[PDB]
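Below is the file coords16.csv, which contains CSV, N, CA and C atoms.
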```csv
chain,number,residue,atom,x,y,z
A,12,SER,N,5.8,17.6,23.4
A,12,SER,CA,6.2,17.1,24.7
A,12,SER,C,5.7,15.7,25.0
A,13,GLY,N,4.7,15.2,24.2
A,13,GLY,CA,4.1,13.9,24.4
A,13,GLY,C,3.5,13.4,23.1
A,14,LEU,N,4.2,12.5,22.5
A,14,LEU,CA,3.8,11.8,21.3
A,14,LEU,C,2.8,10.7,21.6
A,15,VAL,N,1.6,10.7,20.9
A,15,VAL,CA,0.6,9.6,21.1
A,15,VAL,C,1.2,8.3,20.4
A,16,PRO,N,1.4,7.2,21.2
A,16,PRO,CA,2.0,5.9,20.6
A,16,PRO,C,1.0,5.0,19.9
A,17,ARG,N,0.1,5.6,19.2
A,17,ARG,CA,-1.0,4.9,18.4
A,17,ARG,C,-2.1,4.3,19.3
A,18,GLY,N,-3.3,4.3,18.9
A,18,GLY,CA,-4.4,3.8,19.7
A,18,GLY,C,-4.3,2.3,19.9
A,19,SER,N,-4.2,1.5,18.9
A,19,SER,CA,-4.0,0.0,18.9
A,19,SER,C,-3.2,-0.4,17.7
A,20,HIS,N,-3.8,-0.3,16.5
A,20,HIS,CA,-3.2,-0.6,15.2
A,20,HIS,C,-4.1,0.0,14.1
A,21,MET,N,-5.4,-0.5,14.0
A,21,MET,CA,-6.4,0.0,13.1
A,21,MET,C,-7.8,-0.3,13.7
A,22,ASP,N,-8.6,0.8,13.8
A,22,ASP,CA,-9.9,0.8,14.5
A,22,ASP,C,-10.6,2.1,14.1
A,23,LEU,N,-11.9,2.2,14.5
A,23,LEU,CA,-12.7,3.4,14.2
A,23,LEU,C,-12.2,4.6,15.0
A,24,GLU,N,-12.0,4.4,16.3
A,24,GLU,CA,-11.4,5.4,17.3
A,24,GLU,C,-9.9,5.7,17.0
A,25,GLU,N,-9.2,4.7,16.3
A,25,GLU,CA,-7.9,4.9,15.8
A,25,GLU,C,-7.8,6.0,14.8
A,26,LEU,N,-8.7,5.9,13.8
A,26,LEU,CA,-8.9,6.9,12.8
A,26,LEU,C,-9.2,8.3,13.4
A,27,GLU,N,-10.2,8.3,14.3
A,27,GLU,CA,-10.7,9.6,14.9
A,27,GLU,C,-9.6,10.3,15.7
A,28,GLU,N,-8.8,9.5,16.5
A,28,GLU,CA,-7.7,10.1,17.3
A,28,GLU,C,-6.6,10.6,16.4
A,29,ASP,N,-6.3,9.9,15.3
A,29,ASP,CA,-5.3,10.2,14.3
A,29,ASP,C,-5.5,11.5,13.6
A,30,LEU,N,-6.7,11.6,13.1
A,30,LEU,CA,-7.2,12.8,12.3
A,30,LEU,C,-7.3,14.0,13.3
A,31,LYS,N,-7.7,13.8,14.5
A,31,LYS,CA,-7.8,14.8,15.6
A,31,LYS,C,-6.4,15.4,15.8
A,32,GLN,N,-5.4,14.5,16.0
A,32,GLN,CA,-4.0,14.9,16.3
A,32,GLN,C,-3.4,15.8,15.2
A,33,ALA,N,-3.8,15.5,14.0
A,33,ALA,CA,-3.3,16.3,12.8
A,33,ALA,C,-3.9,17.7,12.9
A,34,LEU,N,-5.2,17.8,13.3
A,34,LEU,CA,-5.9,19.1,13.4
A,34,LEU,C,-5.5,19.8,14.7
A,35,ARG,N,-5.0,19.1,15.7
A,35,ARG,CA,-4.6,19.6,17.0
A,35,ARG,C,-3.2,20.3,16.9
A,36,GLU,N,-2.4,19.8,15.9
A,36,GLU,CA,-1.1,20.5,15.5
A,36,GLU,C,-1.3,21.5,14.4
A,37,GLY,N,-2.6,21.7,14.0
A,37,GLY,CA,-2.9,22.7,13.0
A,37,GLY,C,-2.6,22.4,11.5
A,38,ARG,N,-2.9,21.1,11.2
A,38,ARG,CA,-2.6,20.5,9.8
A,38,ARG,C,-3.8,19.7,9.4
A,39,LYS,N,-3.8,19.4,8.1
A,39,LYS,CA,-5.0,18.7,7.4
A,39,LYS,C,-4.8,17.2,7.4
A,40,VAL,N,-5.9,16.5,6.9
A,40,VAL,CA,-5.9,15.0,6.9
A,40,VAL,C,-6.3,14.6,5.4
A,41,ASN,N,-5.7,13.5,4.9
A,41,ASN,CA,-6.0,13.0,3.5
A,41,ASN,C,-6.6,11.6,3.7
A,42,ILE,N,-7.8,11.5,3.3
A,42,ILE,CA,-8.7,10.2,3.4
A,42,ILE,C,-9.5,10.0,2.1
A,43,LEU,N,-10.4,9.0,2.1
A,43,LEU,CA,-11.1,8.5,0.9
A,43,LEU,C,-11.9,9.6,0.2
A,44,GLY,N,-11.3,10.1,-0.9
A,44,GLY,CA,-11.9,11.2,-1.7
A,44,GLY,C,-12.1,12.5,-1.0
A,45,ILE,N,-11.6,12.7,0.2
A,45,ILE,CA,-11.9,13.8,1.1
A,45,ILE,C,-10.5,14.4,1.7
A,46,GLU,N,-10.4,15.7,1.9
A,46,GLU,CA,-9.4,16.3,2.6
A,46,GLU,C,-10.0,17.2,3.8
A,47,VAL,N,-9.8,16.7,5.0
A,47,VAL,CA,-10.3,17.4,6.2
A,47,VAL,C,-9.3,18.4,6.7
A,48,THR,N,-9.6,19.7,6.6
A,48,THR,CA,-8.7,20.8,7.1
A,48,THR,C,-9.3,21.3,8.4
A,49,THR,N,-10.5,21.0,8.8
A,49,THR,CA,-11.2,21.5,10.0
A,49,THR,C,-11.9,20.3,10.7
A,50,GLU,N,-12.1,20.4,12.1
A,50,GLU,CA,-12.7,19.4,12.9
A,50,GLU,C,-14.2,19.3,12.5
A,51,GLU,N,-14.8,20.3,11.9
A,51,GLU,CA,-16.1,20.4,11.3
A,51,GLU,C,-16.3,19.2,10.3
A,52,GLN,N,-15.3,19.2,9.4
A,52,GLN,CA,-15.2,18.2,8.3
A,52,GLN,C,-14.8,16.8,8.9
A,53,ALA,N,-14.1,16.8,10.0
A,53,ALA,CA,-13.6,15.6,10.7
A,53,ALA,C,-14.7,14.7,11.3
A,54,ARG,N,-15.6,15.4,12.1
A,54,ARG,CA,-16.8,14.8,12.7
A,54,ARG,C,-17.8,14.4,11.7
A,55,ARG,N,-17.9,15.2,10.6
A,55,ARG,CA,-18.8,14.8,9.4
A,55,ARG,C,-18.2,13.6,8.7
A,56,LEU,N,-16.8,13.5,8.7
A,56,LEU,CA,-16.1,12.4,8.0
A,56,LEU,C,-16.4,11.1,8.8
A,57,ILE,N,-16.2,11.2,10.2
A,57,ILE,CA,-16.4,10.0,11.1
A,57,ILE,C,-17.8,9.4,10.9
A,58,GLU,N,-18.8,10.2,11.0
A,58,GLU,CA,-20.2,9.8,10.9
A,58,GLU,C,-20.5,9.2,9.5
A,59,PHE,N,-19.8,9.7,8.5
A,59,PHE,CA,-19.9,9.3,7.1
A,59,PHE,C,-19.3,7.9,6.9
A,60,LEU,N,-18.0,7.7,7.3
A,60,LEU,CA,-17.2,6.5,7.0
A,60,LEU,C,-17.7,5.3,7.8
A,61,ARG,N,-18.3,5.5,9.0
A,61,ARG,CA,-18.9,4.4,9.8
A,61,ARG,C,-20.3,4.0,9.3
A,62,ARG,N,-20.8,4.8,8.3
A,62,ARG,CA,-22.0,4.5,7.6
A,62,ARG,C,-21.8,4.2,6.1
A,63,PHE,N,-20.6,4.5,5.6
A,63,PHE,CA,-20.2,4.4,4.2
A,63,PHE,C,-19.6,3.0,3.9
A,64,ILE,N,-20.1,2.4,2.9
A,64,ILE,CA,-19.6,1.1,2.3
A,64,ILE,C,-19.7,1.2,0.7
B,12,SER,N,-13.1,17.8,-20.4
B,12,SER,CA,-12.1,18.4,-19.6
B,12,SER,C,-12.3,18.2,-18.1
B,13,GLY,N,-11.6,17.2,-17.6
B,13,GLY,CA,-11.6,16.8,-16.1
B,13,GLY,C,-10.6,17.6,-15.3
B,14,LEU,N,-10.9,18.9,-15.2
B,14,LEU,CA,-10.1,19.9,-14.5
B,14,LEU,C,-10.0,19.7,-13.0
B,15,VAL,N,-11.0,19.0,-12.5
B,15,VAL,CA,-11.1,18.7,-11.0
B,15,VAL,C,-11.5,17.2,-10.9
B,16,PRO,N,-10.9,16.4,-9.9
B,16,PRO,CA,-11.2,15.0,-9.6
B,16,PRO,C,-12.7,14.7,-9.5
B,17,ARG,N,-13.2,14.1,-10.6
B,17,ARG,CA,-14.6,13.6,-10.7
B,17,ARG,C,-15.6,14.7,-10.5
B,18,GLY,N,-15.2,15.9,-10.8
B,18,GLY,CA,-16.1,17.1,-10.6
B,18,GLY,C,-16.2,17.5,-9.2
B,19,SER,N,-17.0,16.8,-8.4
B,19,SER,CA,-17.2,17.1,-7.0
B,19,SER,C,-18.0,15.9,-6.3
B,20,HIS,N,-17.8,14.7,-6.9
B,20,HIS,CA,-18.4,13.5,-6.3
B,20,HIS,C,-17.4,12.3,-6.4
B,21,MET,N,-17.8,11.1,-5.8
B,21,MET,CA,-17.0,9.9,-5.8
B,21,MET,C,-18.0,8.7,-5.6
B,22,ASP,N,-18.4,8.0,-6.6
B,22,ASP,CA,-19.3,6.8,-6.5
B,22,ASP,C,-18.4,5.6,-6.2
B,23,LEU,N,-19.0,4.4,-5.9
B,23,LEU,CA,-18.3,3.2,-5.4
B,23,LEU,C,-17.6,2.5,-6.6
B,24,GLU,N,-18.4,2.2,-7.7
B,24,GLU,CA,-17.9,1.6,-8.9
B,24,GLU,C,-16.9,2.5,-9.6
B,25,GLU,N,-17.2,3.9,-9.5
B,25,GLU,CA,-16.4,4.9,-10.0
B,25,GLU,C,-15.1,5.0,-9.3
B,26,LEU,N,-15.1,4.8,-8.0
B,26,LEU,CA,-13.9,4.8,-7.1
B,26,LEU,C,-13.0,3.7,-7.5
B,27,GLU,N,-13.5,2.5,-7.9
B,27,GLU,CA,-12.7,1.3,-8.3
B,27,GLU,C,-11.9,1.6,-9.6
B,28,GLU,N,-12.6,2.1,-10.6
B,28,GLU,CA,-12.0,2.5,-11.9
B,28,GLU,C,-11.1,3.7,-11.8
B,29,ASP,N,-11.4,4.6,-10.8
B,29,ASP,CA,-10.6,5.8,-10.5
B,29,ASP,C,-9.3,5.5,-9.8
B,30,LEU,N,-9.3,4.5,-8.9
B,30,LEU,CA,-8.1,4.1,-8.1
B,30,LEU,C,-7.2,3.2,-9.0
B,31,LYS,N,-7.8,2.4,-9.9
B,31,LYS,CA,-7.1,1.6,-10.9
B,31,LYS,C,-6.4,2.5,-11.9
B,32,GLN,N,-7.1,3.6,-12.3
B,32,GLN,CA,-6.6,4.6,-13.2
B,32,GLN,C,-5.4,5.3,-12.6
B,33,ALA,N,-5.5,5.6,-11.3
B,33,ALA,CA,-4.4,6.2,-10.6
B,33,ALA,C,-3.1,5.4,-10.6
B,34,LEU,N,-3.3,4.1,-10.3
B,34,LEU,CA,-2.1,3.1,-10.2
B,34,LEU,C,-1.5,2.9,-11.6
B,35,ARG,N,-2.4,3.0,-12.7
B,35,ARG,CA,-2.0,2.7,-14.1
B,35,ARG,C,-1.3,4.0,-14.7
B,36,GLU,N,-1.5,5.2,-14.1
B,36,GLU,CA,-0.9,6.4,-14.6
B,36,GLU,C,0.3,6.8,-13.7
B,37,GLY,N,0.5,6.1,-12.5
B,37,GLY,CA,1.6,6.4,-11.6
B,37,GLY,C,1.2,7.3,-10.5
B,38,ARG,N,0.2,6.9,-9.7
B,38,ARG,CA,-0.3,7.5,-8.5
B,38,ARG,C,-0.6,6.5,-7.4
B,39,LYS,N,-1.0,7.0,-6.2
B,39,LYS,CA,-1.4,6.1,-5.1
B,39,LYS,C,-2.8,6.6,-4.6
B,40,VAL,N,-3.4,5.7,-3.8
B,40,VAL,CA,-4.7,6.0,-3.2
B,40,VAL,C,-4.5,6.3,-1.7
B,41,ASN,N,-4.6,7.6,-1.3
B,41,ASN,CA,-4.4,8.0,0.1
B,41,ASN,C,-5.8,8.0,0.8
B,42,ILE,N,-6.2,6.9,1.4
B,42,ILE,CA,-7.4,6.8,2.2
B,42,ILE,C,-7.1,6.7,3.7
B,43,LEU,N,-8.2,6.5,4.5
B,43,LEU,CA,-8.2,6.4,5.9
B,43,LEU,C,-7.1,5.4,6.4
B,44,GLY,N,-6.0,5.9,6.9
B,44,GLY,CA,-4.9,5.1,7.5
B,44,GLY,C,-4.2,4.1,6.6
B,45,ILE,N,-4.5,4.2,5.3
B,45,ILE,CA,-4.0,3.2,4.3
B,45,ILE,C,-3.5,4.0,3.0
B,46,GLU,N,-2.5,3.5,2.3
B,46,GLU,CA,-2.0,4.0,1.0
B,46,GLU,C,-1.8,2.8,0.1
B,47,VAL,N,-2.6,2.8,-1.0
B,47,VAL,CA,-2.6,1.8,-2.0
B,47,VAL,C,-1.6,2.2,-3.1
B,48,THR,N,-0.4,1.5,-3.2
B,48,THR,CA,0.6,1.8,-4.3
B,48,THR,C,0.6,0.6,-5.3
B,49,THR,N,-0.1,-0.5,-5.0
B,49,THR,CA,-0.2,-1.6,-5.9
B,49,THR,C,-1.7,-2.0,-6.1
B,50,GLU,N,-2.0,-2.7,-7.2
B,50,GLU,CA,-3.4,-3.2,-7.5
B,50,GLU,C,-3.7,-4.4,-6.6
B,51,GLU,N,-2.7,-5.0,-6.0
B,51,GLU,CA,-2.8,-6.0,-4.9
B,51,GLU,C,-3.6,-5.3,-3.7
B,52,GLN,N,-3.1,-4.1,-3.3
B,52,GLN,CA,-3.6,-3.3,-2.2
B,52,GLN,C,-5.0,-2.7,-2.6
B,53,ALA,N,-5.2,-2.6,-3.9
B,53,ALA,CA,-6.4,-2.0,-4.5
B,53,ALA,C,-7.7,-2.9,-4.3
B,54,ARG,N,-7.5,-4.2,-4.7
B,54,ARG,CA,-8.5,-5.2,-4.5
B,54,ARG,C,-8.8,-5.4,-3.0
B,55,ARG,N,-7.7,-5.3,-2.2
B,55,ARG,CA,-7.8,-5.3,-0.7
B,55,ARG,C,-8.6,-4.1,-0.2
B,56,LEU,N,-8.4,-3.0,-0.8
B,56,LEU,CA,-9.0,-1.7,-0.4
B,56,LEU,C,-10.5,-1.6,-0.7
B,57,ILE,N,-10.9,-2.1,-1.9
B,57,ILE,CA,-12.3,-2.1,-2.4
B,57,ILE,C,-13.1,-3.0,-1.5
B,58,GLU,N,-12.6,-4.3,-1.2
B,58,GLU,CA,-13.3,-5.3,-0.4
B,58,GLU,C,-13.3,-4.8,1.1
B,59,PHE,N,-12.3,-4.0,1.5
B,59,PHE,CA,-12.2,-3.5,2.8
B,59,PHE,C,-13.3,-2.5,3.1
B,60,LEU,N,-13.5,-1.5,2.2
B,60,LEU,CA,-14.4,-0.3,2.5
B,60,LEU,C,-15.8,-0.7,2.4
B,61,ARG,N,-16.1,-1.7,1.5
B,61,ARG,CA,-17.5,-2.2,1.3
B,61,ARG,C,-17.9,-3.2,2.5
B,62,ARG,N,-16.9,-3.6,3.3
B,62,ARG,CA,-17.0,-4.4,4.4
B,62,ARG,C,-17.0,-3.6,5.7
B,63,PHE,N,-16.3,-2.4,5.6
B,63,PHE,CA,-16.0,-1.5,6.8
B,63,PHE,C,-17.4,-1.0,7.4
B,64,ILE,N,-17.8,-1.7,8.5
B,64,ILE,CA,-19.0,-1.4,9.2
B,64,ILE,C,-20.3,-1.4,8.3
```
For this file, produce the structure as structure tokens.
Amino acid sequence: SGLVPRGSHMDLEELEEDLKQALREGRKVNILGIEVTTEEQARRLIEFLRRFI
Amino acid sequence: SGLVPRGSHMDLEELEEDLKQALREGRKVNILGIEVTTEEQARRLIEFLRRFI
């Protein structure tokens, strides 16, 4: 009933809101060497990638 | 016998040779909000993630 029209374009919170929306419709996320099926893995992913280079 | 992608790990130099391997065998790199289908996008992706925060 309400599509999110993207956060901005590309940002840290862009990623977080995008992967959240996938989990909020009950579906997984495909990212760098990782597949997030739960928000457990999503919050671990976020703290990982903002520290990973 | 590489029955599973890099066993259960993903190193940085290993990621580069692995994503090049993917593009050279006919695959793409599905990372955070980005899909690398060319080695143009691959050199962009490597320098991106090592710069990303």
Residues near segment 36-40 of chain A, cut-off 10 Å, only C-alpha atoms, skip fewer than 5 positions along chain, as a ChimeraX atom specification: /A:29-31,45-50,52-53 /B:41-44
Fitted copy of chain A on chain B, all Cα, as a tab-separated table (two decimals) with N, CA and C atoms, in the coordinates of the input:
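Listed below is the output, part-v9.tsv:
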```
chain	number	residue	atom	x	y	z
A	12	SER	N	-4.36	15.22	-21.16
A	12	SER	CA	-5.21	15.68	-22.24
A	12	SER	C	-6.68	15.70	-21.91
A	13	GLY	N	-7.09	15.01	-20.79
A	13	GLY	CA	-8.47	14.90	-20.38
A	13	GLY	C	-8.55	14.62	-18.89
A	14	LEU	N	-8.86	15.63	-18.17
A	14	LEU	CA	-9.09	15.60	-16.74
A	14	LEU	C	-10.46	15.04	-16.40
A	15	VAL	N	-10.54	13.98	-15.52
A	15	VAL	CA	-11.87	13.43	-15.09
A	15	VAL	C	-12.51	14.51	-14.11
A	16	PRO	N	-13.73	15.03	-14.48
A	16	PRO	CA	-14.42	16.10	-13.59
A	16	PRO	C	-15.21	15.55	-12.42
A	17	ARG	N	-14.68	14.54	-11.82
A	17	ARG	CA	-15.28	13.83	-10.61
A	17	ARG	C	-16.50	12.96	-10.98
A	18	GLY	N	-16.70	11.87	-10.36
A	18	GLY	CA	-17.79	10.97	-10.68
A	18	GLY	C	-19.13	11.59	-10.34
A	19	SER	N	-19.38	12.04	-9.16
A	19	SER	CA	-20.61	12.77	-8.66
A	19	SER	C	-20.21	13.74	-7.60
A	20	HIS	N	-19.82	13.23	-6.42
A	20	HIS	CA	-19.36	13.99	-5.25
A	20	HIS	C	-18.66	13.01	-4.28
A	21	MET	N	-19.44	11.99	-3.74
A	21	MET	CA	-18.95	10.94	-2.89
A	21	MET	C	-19.87	9.71	-3.04
A	22	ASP	N	-19.21	8.56	-3.36
A	22	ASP	CA	-19.89	7.30	-3.72
A	22	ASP	C	-18.82	6.21	-3.68
A	23	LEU	N	-19.29	4.94	-3.81
A	23	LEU	CA	-18.38	3.78	-3.80
A	23	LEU	C	-17.52	3.76	-5.07
A	24	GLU	N	-18.17	3.92	-6.22
A	24	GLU	CA	-17.54	4.05	-7.62
A	24	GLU	C	-16.71	5.36	-7.77
A	25	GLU	N	-17.07	6.42	-6.91
A	25	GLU	CA	-16.30	7.59	-6.80
A	25	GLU	C	-14.91	7.36	-6.31
A	26	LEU	N	-14.86	6.63	-5.18
A	26	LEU	CA	-13.64	6.15	-4.59
A	26	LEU	C	-12.78	5.33	-5.58
A	27	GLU	N	-13.45	4.33	-6.19
A	27	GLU	CA	-12.73	3.36	-7.10
A	27	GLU	C	-12.13	4.07	-8.31
A	28	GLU	N	-12.90	5.05	-8.91
A	28	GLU	CA	-12.38	5.80	-10.09
A	28	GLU	C	-11.25	6.70	-9.68
A	29	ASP	N	-11.31	7.31	-8.49
A	29	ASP	CA	-10.34	8.21	-7.90
A	29	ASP	C	-8.99	7.60	-7.69
A	30	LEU	N	-9.06	6.48	-7.02
A	30	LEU	CA	-7.85	5.64	-6.62
A	30	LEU	C	-7.26	5.05	-7.95
A	31	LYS	N	-8.05	4.66	-8.88
A	31	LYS	CA	-7.67	4.13	-10.22
A	31	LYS	C	-6.81	5.20	-10.91
A	32	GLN	N	-7.37	6.44	-10.98
A	32	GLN	CA	-6.72	7.58	-11.69
A	32	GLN	C	-5.32	7.89	-11.14
A	33	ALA	N	-5.20	7.71	-9.85
A	33	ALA	CA	-3.87	7.97	-9.16
A	33	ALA	C	-2.89	6.90	-9.63
A	34	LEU	N	-3.36	5.63	-9.76
A	34	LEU	CA	-2.49	4.50	-10.17
A	34	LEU	C	-2.31	4.53	-11.69
A	35	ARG	N	-3.17	5.18	-12.45
A	35	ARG	CA	-3.15	5.28	-13.90
A	35	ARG	C	-2.09	6.33	-14.35
A	36	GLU	N	-1.86	7.33	-13.43
A	36	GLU	CA	-0.70	8.31	-13.59
A	36	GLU	C	0.55	7.84	-12.91
A	37	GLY	N	0.49	6.59	-12.35
A	37	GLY	CA	1.67	6.02	-11.74
A	37	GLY	C	2.12	6.51	-10.33
A	38	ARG	N	1.04	6.72	-9.52
A	38	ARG	CA	1.19	7.32	-8.10
A	38	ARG	C	0.30	6.52	-7.19
A	39	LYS	N	0.58	6.72	-5.90
A	39	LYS	CA	-0.10	5.90	-4.76
A	39	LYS	C	-1.33	6.63	-4.26
A	40	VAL	N	-2.06	5.90	-3.33
A	40	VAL	CA	-3.35	6.44	-2.78
A	40	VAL	C	-3.19	6.31	-1.19
A	41	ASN	N	-3.75	7.30	-0.47
A	41	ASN	CA	-3.70	7.30	1.05
A	41	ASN	C	-5.16	7.24	1.50
A	42	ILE	N	-5.45	6.19	2.15
A	42	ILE	CA	-6.88	5.81	2.72
A	42	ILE	C	-6.76	5.23	4.14
A	43	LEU	N	-7.89	4.75	4.69
A	43	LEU	CA	-8.04	4.37	6.10
A	43	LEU	C	-7.05	3.27	6.51
A	44	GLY	N	-5.98	3.73	7.20
A	44	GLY	CA	-4.89	2.83	7.66
A	44	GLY	C	-4.12	2.13	6.59
A	45	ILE	N	-4.29	2.44	5.33
A	45	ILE	CA	-3.80	1.70	4.17
A	45	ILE	C	-3.11	2.74	3.12
A	46	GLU	N	-2.05	2.35	2.45
A	46	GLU	CA	-1.52	3.02	1.38
A	46	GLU	C	-1.42	2.05	0.09
A	47	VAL	N	-2.28	2.33	-0.86
A	47	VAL	CA	-2.32	1.53	-2.10
A	47	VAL	C	-1.37	2.06	-3.12
A	48	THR	N	-0.30	1.32	-3.44
A	48	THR	CA	0.71	1.73	-4.48
A	48	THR	C	0.43	0.90	-5.71
A	49	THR	N	-0.36	-0.14	-5.72
A	49	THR	CA	-0.63	-1.05	-6.84
A	49	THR	C	-2.16	-1.32	-6.90
A	50	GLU	N	-2.72	-1.64	-8.17
A	50	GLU	CA	-4.09	-1.90	-8.41
A	50	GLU	C	-4.46	-3.23	-7.69
A	51	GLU	N	-3.53	-4.10	-7.38
A	51	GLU	CA	-3.60	-5.31	-6.60
A	51	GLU	C	-4.28	-4.99	-5.22
A	52	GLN	N	-3.60	-4.00	-4.61
A	52	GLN	CA	-3.98	-3.47	-3.27
A	52	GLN	C	-5.31	-2.63	-3.39
A	53	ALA	N	-5.55	-2.06	-4.54
A	53	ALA	CA	-6.72	-1.21	-4.85
A	53	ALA	C	-8.07	-1.95	-4.84
A	54	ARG	N	-8.07	-3.09	-5.63
A	54	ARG	CA	-9.20	-4.04	-5.71
A	54	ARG	C	-9.43	-4.75	-4.44
A	55	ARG	N	-8.32	-5.06	-3.71
A	55	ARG	CA	-8.44	-5.66	-2.29
A	55	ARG	C	-9.01	-4.62	-1.34
A	56	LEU	N	-8.67	-3.29	-1.60
A	56	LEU	CA	-9.12	-2.19	-0.71
A	56	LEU	C	-10.65	-2.06	-0.91
A	57	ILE	N	-11.08	-2.00	-2.26
A	57	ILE	CA	-12.55	-1.82	-2.60
A	57	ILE	C	-13.40	-2.89	-1.91
A	58	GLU	N	-13.06	-4.12	-2.08
A	58	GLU	CA	-13.78	-5.27	-1.55
A	58	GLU	C	-13.81	-5.23	0.00
A	59	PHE	N	-12.76	-4.69	0.58
A	59	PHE	CA	-12.56	-4.54	2.02
A	59	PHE	C	-13.50	-3.47	2.58
A	60	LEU	N	-13.44	-2.21	2.02
A	60	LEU	CA	-14.11	-1.01	2.56
A	60	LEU	C	-15.62	-1.10	2.37
A	61	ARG	N	-16.13	-1.82	1.33
A	61	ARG	CA	-17.58	-2.04	1.13
A	61	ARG	C	-18.14	-3.16	2.02
A	62	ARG	N	-17.20	-3.84	2.74
A	62	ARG	CA	-17.53	-4.80	3.74
A	62	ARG	C	-17.11	-4.40	5.17
A	63	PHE	N	-16.28	-3.36	5.26
A	63	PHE	CA	-15.67	-2.85	6.49
A	63	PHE	C	-16.57	-1.77	7.14
A	64	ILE	N	-16.83	-1.95	8.37
A	64	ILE	CA	-17.55	-0.97	9.28
A	64	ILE	C	-16.83	-0.99	10.72
```
Residue list (helix (DSSP H, G or I), DSSP) for chain B, as number ranges by chain: B: 23-36, 50-60
Those residues with N, CA and C atoms, as a compact mmCIF listing (two decimals), keeping the file's coordinate frame please?
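The result, written out as out_22.txt:
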```txt
# COMPACT_ATOMS: atom_id res chain seq x y z
N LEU B 23 -19.00 4.40 -5.90
CA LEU B 23 -18.30 3.20 -5.40
C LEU B 23 -17.60 2.50 -6.60
N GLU B 24 -18.40 2.20 -7.70
CA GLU B 24 -17.90 1.60 -8.90
C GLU B 24 -16.90 2.50 -9.60
N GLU B 25 -17.20 3.90 -9.50
CA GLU B 25 -16.40 4.90 -10.00
C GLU B 25 -15.10 5.00 -9.30
N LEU B 26 -15.10 4.80 -8.00
CA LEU B 26 -13.90 4.80 -7.10
C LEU B 26 -13.00 3.70 -7.50
N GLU B 27 -13.50 2.50 -7.90
CA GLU B 27 -12.70 1.30 -8.30
C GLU B 27 -11.90 1.60 -9.60
N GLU B 28 -12.60 2.10 -10.60
CA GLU B 28 -12.00 2.50 -11.90
C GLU B 28 -11.10 3.70 -11.80
N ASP B 29 -11.40 4.60 -10.80
CA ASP B 29 -10.60 5.80 -10.50
C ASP B 29 -9.30 5.50 -9.80
N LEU B 30 -9.30 4.50 -8.90
CA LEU B 30 -8.10 4.10 -8.10
C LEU B 30 -7.20 3.20 -9.00
N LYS B 31 -7.80 2.40 -9.90
CA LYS B 31 -7.10 1.60 -10.90
C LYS B 31 -6.40 2.50 -11.90
N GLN B 32 -7.10 3.60 -12.30
CA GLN B 32 -6.60 4.60 -13.20
C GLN B 32 -5.40 5.30 -12.60
N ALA B 33 -5.50 5.60 -11.30
CA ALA B 33 -4.40 6.20 -10.60
C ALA B 33 -3.10 5.40 -10.60
N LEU B 34 -3.30 4.10 -10.30
CA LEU B 34 -2.10 3.10 -10.20
C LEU B 34 -1.50 2.90 -11.60
N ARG B 35 -2.40 3.00 -12.70
CA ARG B 35 -2.00 2.70 -14.10
C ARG B 35 -1.30 4.00 -14.70
N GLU B 36 -1.50 5.20 -14.10
CA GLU B 36 -0.90 6.40 -14.60
C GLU B 36 0.30 6.80 -13.70
N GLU B 50 -2.00 -2.70 -7.20
CA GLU B 50 -3.40 -3.20 -7.50
C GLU B 50 -3.70 -4.40 -6.60
N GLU B 51 -2.70 -5.00 -6.00
CA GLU B 51 -2.80 -6.00 -4.90
C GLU B 51 -3.60 -5.30 -3.70
N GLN B 52 -3.10 -4.10 -3.30
CA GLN B 52 -3.60 -3.30 -2.20
C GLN B 52 -5.00 -2.70 -2.60
N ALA B 53 -5.20 -2.60 -3.90
CA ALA B 53 -6.40 -2.00 -4.50
C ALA B 53 -7.70 -2.90 -4.30
N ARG B 54 -7.50 -4.20 -4.70
CA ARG B 54 -8.50 -5.20 -4.50
C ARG B 54 -8.80 -5.40 -3.00
N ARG B 55 -7.70 -5.30 -2.20
CA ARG B 55 -7.80 -5.30 -0.70
C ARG B 55 -8.60 -4.10 -0.20
N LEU B 56 -8.40 -3.00 -0.80
CA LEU B 56 -9.00 -1.70 -0.40
C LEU B 56 -10.50 -1.60 -0.70
N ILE B 57 -10.90 -2.10 -1.90
CA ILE B 57 -12.30 -2.10 -2.40
C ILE B 57 -13.10 -3.00 -1.50
N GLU B 58 -12.60 -4.30 -1.20
CA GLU B 58 -13.30 -5.30 -0.40
C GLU B 58 -13.30 -4.80 1.10
N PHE B 59 -12.30 -4.00 1.50
CA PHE B 59 -12.20 -3.50 2.80
C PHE B 59 -13.30 -2.50 3.10
N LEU B 60 -13.50 -1.50 2.20
CA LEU B 60 -14.40 -0.30 2.50
C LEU B 60 -15.80 -0.70 2.40
```
Distance in Å - atom CA of residue 34 of chain B versus atom CA of residue 17 of chain B: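 Separation of atom CA of residue 34 of chain B and atom CA of residue 17 of chain B: 16.3 Å.
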Atom CA of residue 57 of chain A to atom CA of residue 21 of chain A, distance in Å rounded to a single decimal: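 For atom CA of residue 57 of chain A relative to atom CA of residue 21 of chain A, the distance reads 14.3 Å.
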Distance in Å - atom CA of residue 28 of chain A versus atom CA of residue 60 of chain A: 14.5 Å
Strand (DSSP E) per DSSP on the backbone: members of chain B, as a ChimeraX atom specification: /B:40-42,45-47
